[PDB]
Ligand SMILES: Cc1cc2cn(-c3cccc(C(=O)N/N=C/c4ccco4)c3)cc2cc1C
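The chain that follows stands alone, in the form deposited without this ligand, written as structure tokens.
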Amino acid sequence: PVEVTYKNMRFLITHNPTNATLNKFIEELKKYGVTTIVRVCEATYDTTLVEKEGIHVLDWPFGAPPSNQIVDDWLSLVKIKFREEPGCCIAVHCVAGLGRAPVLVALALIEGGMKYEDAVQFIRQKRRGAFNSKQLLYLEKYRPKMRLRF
């Protein structure tokens, strides 16, 4: 798992767990203080146990760039969580490796004040292979709202 922090934000880009390894998964998320999981790819495990531990799971599946709705919901989540729950962490994962999980994190960083190249370097310092060709071109044309206050 790679962890990235900037301003009042802290994200955990993790791997997709399985029903059989949910206890260890939850145990680790709790140690990282995560109270929210965003699944941006296929949903492959039951969330009842996760939700009961106070960890809310969000399924925003999205190659194809995140829809404007997903981006808006993501930015709304980043805004409120790190404010209402100081020092918390938001986890994000795909299905096979990092995948597209780091895309939303980069968006949060850009929204935080970084230009896309900075966000990409910032993530790669933690995960060398982060972002493929298509994703870089997408991040390059992303027009941030720049409405988050810090």
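For every residue, the number given is its place in the sequence shown, counted from 1. Each form is matched to the other, and the largest set of C-alpha atoms that superpose within 1.5 Å is called the rigid core.
Gap check for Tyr45 to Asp46: zero deposited residues are absent from the model. For the segment pair 110-118 and 49-57, the entry gives 49-57 the higher mean B-factor, averaged over Cα atoms. The stretch with the higher mean CA B factor, choosing between 63-71 and 87-95, is 63-71.
Among all modelled residues in this chain, the alpha-carbon of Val40 has a temperature factor (C-alpha) in the middle third. In this PDB entry, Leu136 carries a Cα temperature factor that places it within the middle third of its chain's modelled residues. Ranked against the other modelled residues of its chain, the C-alpha B-factor of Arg10 as given in the entry falls in the lowest third.
As for the form solved in complex with this ligand, it is not shown, yet the points below apply to it.
With the site C-alphas superimposed, the ligand pose in the deposited bound form sets this ligand onto this chain such that no atom is closer than 2.4 Å to backbone or C-beta atoms; an open site results. Although the partner is absent here, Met114 is a contact residue: one of its heavy atoms lies within 4.5 angstroms of this ligand in the deposited bound form. Put simply, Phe122 is close to this ligand in the deposited bound form: some heavy atom of it is within 4.5 Å. In short, of 51-59, 64-72, 114-122, 34-42 it is 114-122 that has heavy atoms within 4.5 Å of this ligand in the deposited bound form. Along 39-73, not one residue places a heavy atom within 4.5 Å of this ligand in the deposited bound form. Among the residues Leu49, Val57, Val95, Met114, the single one whose Cα moves by at least 2 Å between this form and the one not shown, once the core is superposed, is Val95. Relative to the superposed core, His15 undergoes a Cα shift smaller than 2 Å between this form and the one not shown.
Distance between the C-alpha atoms of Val34 and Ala96: shorter in the deposited bound form than here (change of 3 Å or more). Annotation: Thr36/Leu98 CA-CA distance longer in the deposited bound form than in the displayed model, change of at least 3 Å.
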